[PDB]
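Colleague: Pasting in a structure now, in structure tokens, and then I'll have a few things to ask.
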Amino acid sequence: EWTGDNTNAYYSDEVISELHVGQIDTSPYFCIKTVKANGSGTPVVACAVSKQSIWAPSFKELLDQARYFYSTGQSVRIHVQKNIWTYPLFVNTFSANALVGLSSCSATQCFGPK
Amino acid sequence: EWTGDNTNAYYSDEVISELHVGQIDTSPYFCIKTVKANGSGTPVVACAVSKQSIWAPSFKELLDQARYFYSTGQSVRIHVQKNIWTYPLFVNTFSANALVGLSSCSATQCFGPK
Amino acid sequence: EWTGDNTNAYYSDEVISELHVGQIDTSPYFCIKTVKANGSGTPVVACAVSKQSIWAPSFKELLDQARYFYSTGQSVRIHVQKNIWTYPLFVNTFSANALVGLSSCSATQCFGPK
Amino acid sequence: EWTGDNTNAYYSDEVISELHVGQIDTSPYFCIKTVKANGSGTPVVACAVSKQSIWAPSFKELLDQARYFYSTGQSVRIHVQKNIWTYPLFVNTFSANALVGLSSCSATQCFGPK
Amino acid sequence: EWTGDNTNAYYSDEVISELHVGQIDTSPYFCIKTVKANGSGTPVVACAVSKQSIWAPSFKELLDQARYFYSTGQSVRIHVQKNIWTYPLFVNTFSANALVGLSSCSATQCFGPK
Ligand SMILES: CC(=O)N[C@@H]1[C@@H](O)[C@H](O[C@@H]2O[C@H](CO)[C@H](O)[C@H](O[C@]3(C(=O)O)C[C@H](O)[C@@H](NC(C)=O)[C@H]([C@H](O)[C@H](O)CO)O3)[C@H]2O)[C@@H](CO)O[C@H]1O
Ligand SMILES: CC(=O)N[C@@H]1[C@@H](O)[C@H](O[C@@H]2O[C@H](CO)[C@H](O)[C@H](O[C@]3(C(=O)O)C[C@H](O)[C@@H](NC(C)=O)[C@H]([C@H](O)[C@H](O)CO)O3)[C@H]2O)[C@@H](CO)O[C@H]1O
Ligand SMILES: CC(=O)N[C@@H]1[C@@H](O)[C@H](O[C@@H]2O[C@H](CO)[C@H](O)[C@H](O[C@]3(C(=O)O)C[C@H](O)[C@@H](NC(C)=O)[C@H]([C@H](O)[C@H](O)CO)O3)[C@H]2O)[C@@H](CO)O[C@H]1O
Ligand SMILES: CC(=O)N[C@@H]1[C@@H](O)[C@H](O[C@@H]2O[C@H](CO)[C@H](O)[C@H](O[C@]3(C(=O)O)C[C@H](O)[C@@H](NC(C)=O)[C@H]([C@H](O)[C@H](O)CO)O3)[C@H]2O)[C@@H](CO)O[C@H]1O
Ligand SMILES: CC(=O)N[C@@H]1[C@@H](O)[C@H](O[C@@H]2O[C@H](CO)[C@H](O)[C@H](O[C@]3(C(=O)O)C[C@H](O)[C@@H](NC(C)=O)[C@H]([C@H](O)[C@H](O)CO)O3)[C@H]2O)[C@@H](CO)O[C@H]1O
Ligand SMILES: CC(=O)N[C@@H]1[C@@H](O)[C@H](O[C@@H]2O[C@H](CO)[C@H](O)[C@H](O[C@]3(C(=O)O)C[C@H](O)[C@@H](NC(C)=O)[C@H]([C@H](O)[C@H](O)CO)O3)[C@H]2O)[C@@H](CO)O[C@H]1O
Ligand SMILES: CC(=O)N[C@@H]1[C@@H](O)[C@H](O[C@@H]2O[C@H](CO)[C@H](O)[C@H](O[C@]3(C(=O)O)C[C@H](O)[C@@H](NC(C)=O)[C@H]([C@H](O)[C@H](O)CO)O3)[C@H]2O)[C@@H](CO)O[C@H]1O
Ligand SMILES: CC(=O)N[C@@H]1[C@@H](O)[C@H](O[C@@H]2O[C@H](CO)[C@H](O)[C@H](O[C@]3(C(=O)O)C[C@H](O)[C@@H](NC(C)=O)[C@H]([C@H](O)[C@H](O)CO)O3)[C@H]2O)[C@@H](CO)O[C@H]1O
Ligand SMILES: CC(=O)N[C@@H]1[C@@H](O)[C@H](O[C@@H]2O[C@H](CO)[C@H](O)[C@H](O[C@]3(C(=O)O)C[C@H](O)[C@@H](NC(C)=O)[C@H]([C@H](O)[C@H](O)CO)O3)[C@H]2O)[C@@H](CO)O[C@H]1O
């Protein structure tokens, strides 16, 4: 598996606008909401769960990087894998998207896969 | 279990106004006091205790997040489970609430379960 | 044991003014000095040693919180247990106080046991 | 092995201009892009991958240091070992360079193996 | 062993002016360069290696404290043990000094052993 697999999805020129931390099934988790830097479009919601999914190994690195980009407000590309989380009330509150990567973006491109 | 279980309680549009770190019965712990951003209501107190209660796995994540939201003064939703801590002097100083989640808030919503 | 045990000692309305990190007996340790926010009184010195005393489990949380309050310069209540450290040159440089808690203070009260 | 081995390569007077975090083949990784502080030259890209390559033990220290130098934007010397990553889509997006060291370039010259 | 052993050396009122992170013999390490706050004298260089020397246990605490003092620019007392590192190209680049402690300094005296 790789963040950049074309079976994942990504959204460019976004800003992390909200942050949530909690616990589910004895696992810490966090979620972020991102919006376009220009405010257009629909928010992207993605979560990472410390003990669950093939992306569990990257939990701490992604939590620290989400916190960093949240604090700076800078433009990023957010990479997700769709249809991962399945607890129905959790998906209703957040989404089924697993967070799988974060890339900084300049005005002309983003530093990350496609 | 989940932060968003309907048997937990939550308080929206709160500001983390105080922070305390200590040790009890071999466990580092922290407590926070939150107050409504608009001055309404009565303060909420919640604590997380390392290696104690079902919420133990998220101790470090919640401590780091509470420190961040405390440092910014931003409005948050605080999620608790009531009647968890039983040590009587501790409860009298702080409360029996276990901290189980923290959510950022916007002008119209908070980014977490309700 | 608890930070708030009345056999411990505390000092309100203090500012963390100095910070030292070192090693002793293969254990990382740190010490702080605090002074009254209003400039009066006698400084308080307290140390924490990663592998020593009943307070060892809280070493990392107290170090992070000491660094936080040191960086903000805000007024705090410092909680200690007297007569813990015993190596004479160490006590002469610093003190025998073990650090056991740190509480934020407002103008009127401190958020911690009293 | 050593960061300063002559078989490694380095680039002075660079600024960390982009940062990416993801996961590949069970491993969290990060990549950085650096450009000459004075605007000349060609960017350098380097990556560190947890639990992969001989440089695995320093993954967390290099991630933390890359973040710090990225946040200040100060001039640095980046140390790499060429031709380490072989995953072809990854190399095309980023590079085959393993990040093996970071040195400040305050004042006089770069504070690292030369 | 202790940071304050009289067989160690220390240098007061120093400013951390450079920082380097790398790897050697499968161990992360860092080095700092310090200079007197008034610019007199000659620089002090010291390094910490995570898996080597009796000071290995305090590697992370020292790296975190070095980063903090490097970012503030405040005057510190640096404590070292001489003639510890032995790889010749490493010693010639940096020094043989092991970093063994870091103390903040008031306007009149440093907060650590002397
Ligand atoms: C490397 C390469 O060949 N092309 C990339 C390319 O991805 C991208 O070009 C377009 O740039 C605009 C704004 O910069 C958008 O980025 C475009 O749409 C994308 C995006 O956000 O990147 C593409 C993405 O695949 C889409 N994801 C899904 C699930 O559909 C999203 C999504 O539709 C929207 O984001 C929702 O609002 O849109 C993109 O085509 C740029 C980006 O920097 O860089 C090129 O090099
Ligand atoms: C390929 C695909 O999309 N899904 C398959 C699916 O056939 C199946 O799903 C998993 O199987 C059982 C229940 O049938 C597990 O209980 C998983 O449920 C949980 C889990 O405990 O792991 C419940 C948990 O609440 C979920 N966490 C959240 C935040 O929602 C997790 C989580 O979605 C997964 O762990 C993510 O990978 O799932 C259930 O998903 C199994 C059977 O082979 O395989 C899937 O791939
Ligand atoms: C994987 C592991 O280590 N432990 C899981 C364990 O988490 C799981 O417990 C369930 O976890 C879910 C979240 O994933 C909920 O927190 C459940 O709370 C319940 C409850 O226990 O009463 C269940 C569910 O949320 C609801 N009722 C159901 C499914 O019947 C109610 C809730 O009030 C709703 O509002 C009504 O829909 O709360 C909790 O049971 C257990 C059981 O799946 O499995 C372990 O593997
Ligand atoms: C009438 C009047 O106003 N007298 C003032 C008085 O307000 C004040 O006394 C101190 O006030 C602070 C208020 O935060 C504390 O209540 C001090 O009590 C404590 C403390 O919390 O710091 C109690 C504690 O048990 C004591 N610790 C030990 C080991 O004995 C400490 C300690 O004695 C002092 O902190 C050391 O300086 O005191 C209370 O003493 C002061 C000035 O504000 O003195 C009068 O002017
Ligand atoms: C030989 C000499 O000159 N002095 C030693 C003295 O160092 C030491 O004192 C006592 O030893 C018993 C156990 O033998 C206690 O454990 C205490 O020792 C130590 C310890 O646990 O290592 C010594 C250590 O230096 C102390 N650490 C600091 C920072 O001061 C700790 C510490 O106070 C406690 O751990 C706190 O709970 O205590 C001490 O009572 C012994 C060495 O055999 O004998 C003297 O002669
Ligand atoms: C203790 C442990 O876990 N592993 C060591 C292992 O690190 C050590 O390897 C030597 O490490 C030193 C630094 O301490 C040098 O990096 C040596 O590097 C070499 C190199 O990597 O190529 C070896 C030799 O000196 C030269 N190259 C060879 C023989 O291929 C070059 C040359 O000096 C540089 O180019 C200088 O610019 O450096 C490395 O062998 C081994 C052997 O000491 O012992 C393990 O236990
Ligand atoms: C003034 C003139 O005529 N030409 C200058 C030229 O002298 C100068 O070259 C660079 O100067 C800097 C000074 O810090 C470095 O010394 C560069 O050396 C190194 C470097 O450390 O960056 C050495 C290193 O071994 C080289 N790495 C590799 C893989 O070969 C790098 C690398 O070639 C360059 O960094 C790539 O751009 O160079 C030295 O080259 C500069 C002015 O600063 O450019 C001309 O104007
Ligand atoms: C508990 C563990 O894991 N290891 C300890 C080990 O740390 C300890 O070594 C002693 O540690 C103390 C600090 O706790 C000092 O660093 C000691 O240095 C001394 C020394 O050289 O012996 C100790 C003492 O203060 C003095 N020695 C005397 C009076 O004989 C000298 C002093 O500075 C003068 O220079 C002497 O003329 O410093 C160090 O030995 C050992 C022994 O306690 O126990 C292990 O278990
Ligand atoms: C004779 C003199 O002038 N000084 C000596 C010194 O040369 C000598 O070297 C030590 O001897 C041991 C014996 O096994 C090893 O050779 C040590 O090797 C290494 C190691 O641990 O791998 C090599 C390594 O590269 C070194 N790391 C760095 C950053 O340089 C480490 C490190 O220095 C030690 O671990 C420090 O504790 O050492 C080598 O140090 C011995 C002779 O006993 O000490 C002086 O007297």
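Protein chains in written order, with the working numbering: chain A, 34 to 147; chain B, 34 to 147; chain C, 34 to 147; chain D, 34 to 147; chain E, 34 to 147.
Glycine is no exception: its CB is placed at the ideal position from the N, C-alpha and C atoms.
1. Using only the alpha-carbon positions, how far apart do residue 113 of chain E and residue 101 of chain D sit?
2. Can you check whether the CB of residue 53 of chain E is closer than 8 Å to the CB of residue 106 of chain D?
3. Does the beta-carbon distance from residue 222 of chain B to residue 90 of chain C come in below 8 Å?
4. List the residues of chain D whose Cβ lies closer than 8 Å to the Cβ of residue 66 of chain E, in chain order.
5. Give every residue of the same chain whose Cβ lies closer than 6 Å to the Cβ of residue 85 of chain D, excluding the five residues on either side of it in the sequence, and list them in chain order.
6. Indicate whether residue 65 of chain A and residue 87 of chain A have their beta-carbon atoms separated by less than 8 Å.
7. Going by beta-carbon coordinates alone, are residue 47 of chain B and residue 78 of chain B separated by less than 8 Å?
8. Under 7 Å from any heavy atom of ligand 1, does the C-beta of residue 66 of chain D make it?
9. Which residues mark the beginning and the end of the alpha helix (DSSP H) in which residue 151 of chain B is found?
10. In chain D, which residues lie with their C-beta within 7 Å of the C-beta of residue 60 of chain E?
11. Would you list the one or two residues that DSSP bridges to residue 67 of chain D?
12. Between A/130, A/111, A/83 and A/125, which has its C-alpha nearest residue 69 of chain A's C-alpha?
13. If you measure between the beta carbons of residue 35 of chain C and residue 117 of chain B, is that distance less than 8 Å?
14. So what does DSSP say about residue 61 of chain A, is it helix, strand or coil?
15. Let me check you understand the geometry: is the CB of residue 86 of chain A closer than 7 Å to at least one non-hydrogen atom of ligand 2?
16. Does any heavy atom of ligand 3 sit closer than 7 Å to the C-beta of residue 122 of chain A?
17. Quick check on residue 133 of chain B - is its C-beta less than 8 Å from some C-beta in chain A?
18. What residue range is occupied by the uninterrupted beta strand (DSSP E) comprising residue 128 of chain E?
19. Under 8 Å between C-beta atoms, does residue 72 of chain A make it to chain D?
20. Determine the direct distance from the alpha carbon of residue 95 of chain A to that of residue 104 of chain D, and round the result to whole angstroms.
21. Of the residues E/144, E/128, E/115 and E/123, which one's Cα is nearest the Cα of residue 42 of chain E?
22. Note the first and the last residue of the continuous beta strand (DSSP E) segment covering residue 111 of chain D.
23. Count the other C-beta atoms from every protein chain shown that fall within 10 angstroms of the C-beta of residue 130 of chain E, then say buried if there are 16 or more, exposed otherwise.
24. Any idea what DSSP makes of residue 42 of chain E, helix, strand or coil?
25. Whose CA, out of A/45, A/39 and A/55, lies closest to the CA of residue 81 of chain A?
26. What residues of chain D sit near residue 109 of chain E, judged by a beta carbon separation below 7 Å?
27. Taking just the CA atoms, how far does residue 67 of chain B sit from residue 146 of chain D?
28. Taking residue 136 of chain D as the reference, which of D/99, D/73, D/63 and D/92 has the closest Cα?
29. Determine the direct distance from the alpha carbon of residue 93 of chain A to that of residue 39 of chain A, and round the result to whole angstroms.
30. Any beta carbon of chain E sitting closer than 8 Å to that of residue 137 of chain D?
31. Just the Cα atoms here: how many angstroms apart are residue 63 of chain D and residue 75 of chain D?
32. When you compare the CB positions of residue 73 of chain D and residue 143 of chain D, do they come within less than 8 Å of one another, or not?
33. Output, in chain order, the set of chain B residues within a Cβ distance shorter than 7 Å of residue 102 of chain A.
34. Let's test the definition: count the other Cβ atoms within 10 Å of the Cβ of residue 126 of chain C and tell me whether it reaches 16, buried, or not, exposed.
35. Mind checking residue 128 of chain C: buried by the 16 CB within 10 Å criterion, or exposed?
Modeller: From the atom records:
1. Taking the fifth sequence and counting its residues from 1, one reaches residue 113 of chain E at position 80. Taking the fourth sequence and counting its residues from 1, one reaches residue 101 of chain D at position 68. Straight-line Cα distance between these residues: approximately 25 Å.
2. Stepping through the fourth sequence from its first residue, residue 106 of chain D is reached at position 73. Stepping through the fifth sequence from its first residue, residue 53 of chain E is reached at position 20. Not in contact: residue 106 of chain D and residue 53 of chain E (Cβ atoms no closer than 8 Å).
3. Since the first and last residues shown for chain B are 34 and 147, residue 222 of chain B lies out of range.
4. Sequence index remark: in the fifth sequence, residue 66 of chain E carries index 33 (1-based). Within 8 Å Cβ-Cβ: 144.
5. Position 52 of the fourth sequence, counting from 1, holds the residue named residue 85 of chain D. Result list for residue 85 of chain D: 60, in chain order.
6. Taking the first residue of the first sequence as 1, we reach residue 65 of chain A at position 32. Taking the first residue of the first sequence as 1, we reach residue 87 of chain A at position 54. Result no, Cβ atoms of residue 65 of chain A and residue 87 of chain A do not sit closer than 8 Å.
7. Along the second sequence, one-based indexing puts residue 47 of chain B at 14. Along the second sequence, one-based indexing puts residue 78 of chain B at 45. Cβ distance not < 8 Å, so residue 47 of chain B and residue 78 of chain B don't count as in contact.
8. Your numbering for residue 66 of chain D matches position 33 in the fourth sequence. No, ligand 1 has no heavy atom inside 7 Å of this Cβ.
9. The structure shown does not extend to residue 151 of chain B, since chain B is modelled only from 34 to 147, so the question has no answer here.
10. Here the question's residue 60 of chain E lines up with position 27 in the fifth sequence. Neighbours of residue 60 of chain E on chain D, chain order: 90.
11. In the fourth sequence, counting from the first residue as 1, residue 67 of chain D sits at position 34. Per DSSP, D/49 and D/77.
12. As a first step, residue 69 of chain A must be located in the first sequence, where it is residue number 36. Residue A/111 is the option with its Cα nearest to residue 69 of chain A.
13. Residue mapping note: residue 35 of chain C aligns to position 2 of the third sequence, counting from 1. Residue mapping note: residue 117 of chain B aligns to position 84 of the second sequence, counting from 1. The answer is no: Cβ separation not under 8 Å.
14. In the first sequence, the residue the question calls residue 61 of chain A occupies position 28. For residue 61 of chain A, the secondary structure class from DSSP, reduced to helix, strand or coil, is strand.
15. Walking along the first sequence from the start, residue 86 of chain A turns up at place 53. Within the cutoff, so yes.
16. By one-based count along the first sequence, residue 122 of chain A stands at place 89. Under cutoff, so the answer is yes.
17. What you label residue 133 of chain B is simply residue 100 of the second sequence in a count that begins at 1. Yes, its Cβ sits closer than 8 Å to a Cβ of chain A.
18. For the purposes of this step, residue 128 of chain E is taken as residue 95 along the fifth sequence, with counting starting at 1. For residue 128 of chain E, there is no enclosing beta strand (DSSP E), as DSSP marks it with neither H nor E.
19. Counting from 1 along the first sequence, the entry for residue 72 of chain A is found at position 39. So, not an interface residue.
20. Counting from one through the fourth sequence, the residue named residue 104 of chain D turns up at place 71. Counting from one through the first sequence, the residue named residue 95 of chain A turns up at place 62. If you take the alpha carbons of residue 104 of chain D and residue 95 of chain A, they lie about 17 Å apart.
21. As a working mapping, residue 42 of chain E is identified with position 9 in the fifth sequence. Checked all of E/144, E/128, E/115 and E/123; the closest Cα to residue 42 of chain E is E/115.
22. Position 78 of the fourth sequence holds residue 111 of chain D. Counting along the chain, the beta strand (DSSP E) containing residue 111 of chain D begins and ends at 109 to 114.
23. Residue numbering aside, residue 130 of chain E sits at position 97 when the fifth sequence is read from its first letter. In summary, residue 130 of chain E is buried, with 16 or more beta-carbon neighbours lying within 10 Å of its beta-carbon over all protein chains present.
24. Residue mapping note: residue 42 of chain E aligns to position 9 of the fifth sequence, counting from 1. If DSSP states are grouped into helix, strand and coil, residue 42 of chain E belongs with the strands.
25. The count along the first sequence starts at 1 and reaches residue 81 of chain A at position 48. Nearest of A/45, A/39 and A/55 to residue 81 of chain A, Cα basis: A/55.
26. Working through the fifth sequence from its first residue, we reach residue 109 of chain E at position 76. Within 7 Å of the CB of residue 109 of chain E, no CB atom of chain D is found; the nearest one sits about 16 Å away.
27. Here residue 146 of chain D refers to the residue found at position 113 of the fourth sequence. Here residue 67 of chain B refers to the residue found at position 34 of the second sequence. Distance between the alpha carbons of residue 146 of chain D and residue 67 of chain B is about 50 Å.
28. Working through the fourth sequence from its first residue, we reach residue 136 of chain D at position 103. That would be D/99, whose Cα lies nearest to the Cα of residue 136 of chain D.
29. Counted from its first residue, the first sequence places residue 39 of chain A at position 6. Counted from its first residue, the first sequence places residue 93 of chain A at position 60. Residue 39 of chain A and residue 93 of chain A: Cα-Cα distance of roughly 24 Å.
30. If you number the fourth sequence from 1, residue 137 of chain D lands on position 104. Cβ-Cβ to chain E under 8 Å: yes for residue 137 of chain D.
31. Taking the fourth sequence and counting its residues from 1, one reaches residue 63 of chain D at position 30. Taking the fourth sequence and counting its residues from 1, one reaches residue 75 of chain D at position 42. Taken atom to atom, the span from the alpha-carbon of residue 63 of chain D to that of residue 75 of chain D is near 20 Å.
32. For the purposes of this step, residue 73 of chain D is taken as the residue at position 40 of the fourth sequence. For the purposes of this step, residue 143 of chain D is taken as the residue at position 110 of the fourth sequence. Cβ atoms of residue 73 of chain D and residue 143 of chain D: not closer than 8 Å.
33. Numbered from 1 along the first sequence, position 69 holds the residue referred to as residue 102 of chain A. The contacting residues do not exist; residue 102 of chain A stays about 13 Å from chain B at best.
34. On the third sequence, position 93 is the one that residue 126 of chain C refers to. Classification for residue 126 of chain C: buried.
35. As a working note, residue 128 of chain C is residue 95 in the third sequence. With 16 or more other Cβ atoms within 10 Å, it is buried.
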